[PDB]
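> Sharing a structure here in structure tokens format.
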Amino acid sequence: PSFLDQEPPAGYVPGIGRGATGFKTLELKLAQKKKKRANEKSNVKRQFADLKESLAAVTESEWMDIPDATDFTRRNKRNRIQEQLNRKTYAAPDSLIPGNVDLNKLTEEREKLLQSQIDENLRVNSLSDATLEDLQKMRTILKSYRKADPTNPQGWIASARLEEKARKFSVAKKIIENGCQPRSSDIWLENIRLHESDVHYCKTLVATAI
Amino acid sequence: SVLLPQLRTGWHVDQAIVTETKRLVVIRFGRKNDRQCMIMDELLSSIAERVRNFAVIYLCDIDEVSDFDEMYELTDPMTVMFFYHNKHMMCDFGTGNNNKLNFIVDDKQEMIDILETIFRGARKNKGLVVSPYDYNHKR
Amino acid sequence: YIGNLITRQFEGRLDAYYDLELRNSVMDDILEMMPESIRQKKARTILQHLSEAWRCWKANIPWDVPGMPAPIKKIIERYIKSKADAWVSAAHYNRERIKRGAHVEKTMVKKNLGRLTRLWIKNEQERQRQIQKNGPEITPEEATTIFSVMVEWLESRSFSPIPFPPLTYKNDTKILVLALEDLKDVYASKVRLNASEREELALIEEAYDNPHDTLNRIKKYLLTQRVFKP
Amino acid sequence: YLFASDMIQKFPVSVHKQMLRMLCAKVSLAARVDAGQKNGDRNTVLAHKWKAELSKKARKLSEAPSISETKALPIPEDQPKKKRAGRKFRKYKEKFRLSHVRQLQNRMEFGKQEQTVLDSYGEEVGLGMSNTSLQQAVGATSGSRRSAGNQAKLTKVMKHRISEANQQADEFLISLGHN
Amino acid sequence: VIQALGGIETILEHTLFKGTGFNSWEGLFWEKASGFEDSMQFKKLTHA
Amino acid sequence: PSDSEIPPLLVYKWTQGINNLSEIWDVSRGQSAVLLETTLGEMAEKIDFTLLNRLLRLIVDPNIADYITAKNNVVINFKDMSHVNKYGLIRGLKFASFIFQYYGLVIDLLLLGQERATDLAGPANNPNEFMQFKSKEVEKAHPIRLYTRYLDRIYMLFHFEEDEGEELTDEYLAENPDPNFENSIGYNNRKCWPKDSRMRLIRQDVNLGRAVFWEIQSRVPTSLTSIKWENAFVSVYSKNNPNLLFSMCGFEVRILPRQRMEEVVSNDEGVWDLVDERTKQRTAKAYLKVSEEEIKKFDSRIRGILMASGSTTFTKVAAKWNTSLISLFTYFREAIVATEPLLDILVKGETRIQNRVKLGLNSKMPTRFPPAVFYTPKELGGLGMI
């Protein structure tokens, strides 16, 4: 702040020096009319005043020795720590993809590792159901794969069980019966298991397999 | 308030703008008695130490210096203004007046972001900058 | 409007104000009473004393300072009294406004929380400090009547007390799982991790990888550790 | 009996824990003077220095830091970007990048609803493309490729505290083992 | 909601989709801006 | 807060539980009934440990009791402020709920006593179901009929006959004389329901209510918790009052018998037809409404959405409104259509958020804004908002 101390002006106008850019009797009657008007028409300092009057007896040496400053609350240290802690963050590991977790495999996967250490010392309900058009993509691919081989029952069983896990009900039970039209026993072992639900029809499928 | 220096003539203003090349020049035009002028004086008084590198803040009174009143069209109790290389800077705040500043900013960080963004856009010669915060509910 | 326009052609309480006005009144008076030769060099330090006194009032720290002139210490005290009264009164005043649904705008919503949490924590501290003096309020004759009721209830119910978890236990694994995942599930919706949350994930992960070791550690914490971190 | 003495409780509460350890020693040494002083003539002037050190050092423990000068934001000026990619440093930034599977959550397939799974709080967490078009139909999710580099790991302070706690828990389980 | 608005088509007349030049909307996907906001916060940046 | 019952299913089994017991509805000879709703007041805050370590050594081996007792001291820090916790409970601890529940199990036993609590729970060999008994004799043996405690709040139902009731109220009036008939000054009606469906103020029923609350007030010492008439609601069903009024969780239920339907009635959406297990007819209607608490929590929540966001995306605002609105429609299902001010606040709040989007696009605001912008799914590019 060198220029703040100096204080010469010269005869220059301020606007021109920088190359700046911009982006009486009636008055006496109005003054007398306002005088016609004004003629007819704090607490804080009152509170602290009796004290500022009581500052009068403080000698100059006591004014000169005032302990300069002090940090009581340790605000600086705590600010540096709270800043150090919040700097960076991170990216969460891929294991937190929520759909994978099931409890059984984790428990039998765990208690065996526990017991091993002790011996050494000595689908989710949460996911949305499949969308008709995705499942339709599945139907087209699997349809191409069953149309690939009329024989090779592996396809028929596959299009049966995958659509079973996906949908089942009528679709699978119709497909299996469709492609079951003879030598391979597997379409029968599957068709029996899924489509039966009642004794007579169980026997009807069994006898055909026989 | 005591933290920030005051400019007692128009030539302290002008030279304060001219002698400083590398950092923004921020002037509050207003009077000590006003209610809105002391608030931005406190806000800017806390920010001055953080920002001393890329900006500097000064104080100017309208009654002390009335010379700039007509040239920049100073109304309202306070106007903050931003200067870089003698060039009046400009930023569209949404207030509809891209010039100067009027309202009292709330948070320190929002004003430091204004200073930072005006500075960064000022280094590129860019006349208009766009604030990250459109406050126009205020004006 | 016309007259103003033509002349310009020929010419051209509340929480926000009251605090700053208190600072300005007090600083005005103190600076007025100072000798003007040393005046300006101390002034910034006096401002720092006001800030520190307020920060100490916000901490309940008593703010007792080494040698100081008595009248100034009186002044800063009375200032803390008034600014405190206004700070608390306005803090409670804005809260009910937020309850009603009136518009306090924004930063007031965020600050009002910090102010009311300072107040709440002060009420808690005074609660417990007055619970030092008077001691427990139960008294033995009332504790008797309370304890017989549980004794008779549990004896009438023929209730066997819960034992301490054994070193060899069947469901330990099945209790760890249910425990750990219930600490784990907080972080499953997060793509990014703050520094602490990442540490806690390391804790849960090692708790899975070393179940025997964490069972031993938990059990020893149960039998042993009586002192805990804040 | 010491914690009730004059030289401790005449000071603020926060200083007490440090004064015990500080006073206890100075008591012991005093006793170790008293054993050596001959019975006929017993003399002070060590305990005068030893009160001086304790009282003064206590004022100092209560004195609190001086104020600090405000630290400044460095400068907004952008700096030219520098690049290196090693085996070491890619291993470093593996923490700091979105992995492949994590990137596939960020892809919204145009025209049809996401896979969303209920979060523990019940708010649907979308994983958009992370599962192959066939895997939504079957609901088998995926294993895909798990990045083992962004796995959470301990800070230096926490890692020794865990191991220490476990090692002492070990001697505890042994003490209960033989007894 | 999709049928209330008239179907996908009556919706796409309200958008720039036909400007994107795509013949059919089948094989298309969005890049989420949520995750887009994450990849930018792994760089060191000022609050502004 | 049992594992088997979702709190709306709780309100359901509570109303059906009130009906299924015998002959509370008949007023023919002198009979009446009373419900209390009393928050235990300061409860976890007034928990005292010298009593806890003992009550826990009853229920648990001492090593766990000592851990649980010393784990609550700790030290508590918020920025500058620090205090050791001597007195209250810290409920941020995982096991705190257990303590809290166990602690409530004490107070439940001062109100009910050993004799009546054994009648409610039953023998350890064949303990009862939630609301049941063995014989009607055990039901009618004691005035207290149905009792529950949900966290802090207590629900107590009483059945009185003039023989029994006159005694109790004569005792309270006797030991608290009120010549100016001021019992009705502070009595707290439910402001949600109109005239005909509120509690009528009549010296008999009010004196019963204050007498009941004066008995149960006396039953609990003041060191454990604090029970105050201000936090309590008392309903009376008698000759004079057809309406049985209570509020559980966020729901407010009134109950009428088919017997008393003659007093003016208008059907709602929240009407519950209630069936006795024997007559298998519909003996009561329970009308539902949403409380003035959780309506104002919803006000304050959408306010929080439009406030706490200075700068956020539009789809985050849409998703916060989708979450909070899905929660409110999901928990309150039947009771919403019966609440006028909650429908009004829905209509205001939705257009209000739409206004926050409009003011986010441009400052001029539009004349009309096509709804396909807001309401298309996120995958088609809209906000997906409901």
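Cβ: placed from backbone, ideal geometry, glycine included. Neighbour counts: every protein chain shown. Every number in this text was worked out from the coordinates using simple rules, so none of it is lab data.
> Roughly speaking, what is the stretch gain from residue F:178 to residue F:367, that is 0.36 nm per residue apart minus the C-alpha to C-alpha distance, in nm to one decimal?
Between residue F:178 and residue F:367, full extension yields 61.7 nm more.
> Can you compute the label reach from residue F:239? Point 7 Å from Cα along the Cβ direction, backbone N cut-off under 18 Å, restricted to the range F:197-221.
Counting only backbone N, you get F:200-209.
> Within 10 Å of each Cβ in C:210-216, how many Cβ atoms from other chains are there, averaged over the peptide?
What the average comes to for C:210-216 is 6.
> I would also like to ask the following. Under 8 Å for C-alpha pairs, at least 6 residues apart: give me the relative contact order for the range D:3-90, rounded to a whole percent.
With pairs under 8 Å counted, the relative contact order is 30 percent.
> Please arrange E:25, A:188 by how many other C-beta atoms lie within 10 Å of their C-beta, fewest to most.
Ascending number of Cβ neighbours within 10 Å: E:25, A:188.
> Expected output is a single nm value to one decimal: the length gained when fully extending between residue C:183 and residue C:142, i.e. 0.36 nm times separation in residues minus the C-alpha distance. What is it?
Difference between extended and current length: 10.8 nm.
> Residues of the range F:70-109 with the amide nitrogen closer than 17 Å to a label point 7 Å from the Cα of residue D:64, along Cα-to-Cβ, please.
F:78-83
> Take peptide A:13-22, look around each residue's Cβ out to 10 angstrom, count Cβ atoms belonging to other protein chains, and average those counts.
6
> Round to the nearest 0.05 the FRET efficiency obtained for residue A:137 and residue E:44 when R0 = 60 Å and r is the Cβ-Cβ distance.
Once the sixth-power term is evaluated, E becomes 0.85.
> Would you calculate the separation in nanometres between label points at residue F:4 and residue A:59, each defined as 7 Å from the Cα along the Cα-to-beta-carbon direction?
Between residue F:4 and residue A:59, the label points sit 8.7 nm apart.
> Something else now. Name the shape class, rounded, prolate or oblate, that the alpha-carbon gyration tensor gives for chain F, where a ≥ b ≥ c are the square roots of its eigenvalues, rounded holds for a/c under 1.5, and otherwise prolate holds if a/b is larger than b/c and oblate otherwise.
Oblate, because a/c is 1.5 or more while a/b does not exceed b/c.
> State, as an integer percentage, the relative contact order of chain B based on alpha-carbon contacts under 8 Å between residues 6 or more apart.
After rounding, I find 27 percent.
> Mind putting a number on the dipole of chain B about its Cα centre? Charges go on the C-beta only, +1 for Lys and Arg and -1 for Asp and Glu, and I need it in Debye to the nearest 20.
580
> For the range C:77-133, state which GluC sites (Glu not before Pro) are in a DSSP loop and have at most 12 other beta carbons lying within 10 Å of their beta carbon.
C:105
> Further question: Would you list A:164, E:31 from fewest to most Cβ contacts within 10 Å?
With the sparsest Cβ surroundings first, the list reads E:31, A:164.
> Something else: Quote the FRET efficiency, to the nearest 0.05, computed for residue D:94 versus residue A:147 with a Förster distance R0 of 56 Å and r equal to the Cβ-Cβ distance.
0.80
> Averaged across the residues of A:192-202, what count of C-beta atoms belonging to other chains lies within 10 Å of each residue's C-beta?
0
> For a Förster distance of 25 Å, can you work out the FRET efficiency between the beta-carbons of residue B:108 and residue C:28, rounded to the nearest 0.05?
So the FRET efficiency works out to roughly 0.50.
> Okay, next question. Please give the helix F:314-331 orientation as an angle from the longest Cα principal axis of chain F, in degrees from 0 to 90, rounded to the nearest 10.
20
> My understanding is that a pair violates if its Cα-Cα distance is over 24 Å; which of C:81/F:79; A:77/C:58; D:17/D:38; A:45/C:81; C:99/F:320; B:100/E:44 do that in this structure?
Exceeds cut-off: D:17/D:38; B:100/E:44.
> For the residue pair residue C:225 and residue F:306, what label-to-label distance in nm results when each label sits 7 Å from Cα along the Cα-to-beta-carbon direction?
4.8
> Which GluC sites (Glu not before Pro) does the range D:77-138 hold that lie in a coil by DSSP with at most 12 other beta carbons within 10 Å?
Here the GluC sites (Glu not before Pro) that fit, given the DSSP loop and packing criteria, are D:77.
> If you take every residue apart from residue A:131 with its C-beta less than 14 Å away from the C-beta of residue A:131, what net charge results, scoring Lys and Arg +1 and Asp and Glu -1?
That works out to -3.
> While we're looking at this one, here's another question. Starting from the Cα of residue D:46, step 7 Å along the direction of its Cβ; do the same at residue A:181; then give the gap between the two resulting points in nm.
Those two pseudo-labels are separated by 11.3 nm.
> By DSSP, what percent of the beta bridges with both residues in the protein assembly as shown are antiparallel, rounded to the nearest 5?
Just about 80 percent of them are antiparallel.
> Okay, next question. Find out how many positive minus negative residues lie around residue C:226, taking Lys and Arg as positive, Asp and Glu as negative, among other residues whose Cβ is under 10 Å from that of residue C:226.
0
> May I ask for the longest run of chain F untouched by GluC sites (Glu not before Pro) that are loop-located per DSSP and have at most 16 neighbouring C-beta atoms (other than their own) within 10 Å?
Longest run free of exposed loop sites: F:278-386.
> Can you give the direction-averaged projected area of the convex hull of the alpha-carbon atoms in chain C, in nm²?
The Cα convex hull of chain C, projected and averaged over all directions, gives 29.3 nm².
> Using a cut-off of 12 Å between beta-carbons, work out the net charge of the residues near residue F:1 (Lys and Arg +1, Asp and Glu -1, residue F:1 not included).
Summing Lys and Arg as +1 and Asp and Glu as -1 gives -1.
> What percent do you get for the relative contact order of chain F when only Cα pairs under 8 Å and 6+ apart count?
Result for chain F is 18 percent.
> For the range D:43-120, which trypsin sites (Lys or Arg not before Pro) are both in a DSSP coil and crowded by at most 11 other Cβ atoms within 10 Å?
Counting only loop positions with at most 11 other Cβ atoms within 10 Å, the trypsin sites (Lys or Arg not before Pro) in the range D:43-120 are D:71, D:81, D:82, D:83, D:84.
> Sketch the reach of a paramagnetic label on residue B:136 as a point 7 Å from Cα along Cα-to-Cβ, and name the residues of the range B:86-110 whose backbone nitrogen lies under 14 Å away.
Under cut-off, by backbone N: B:92-99.
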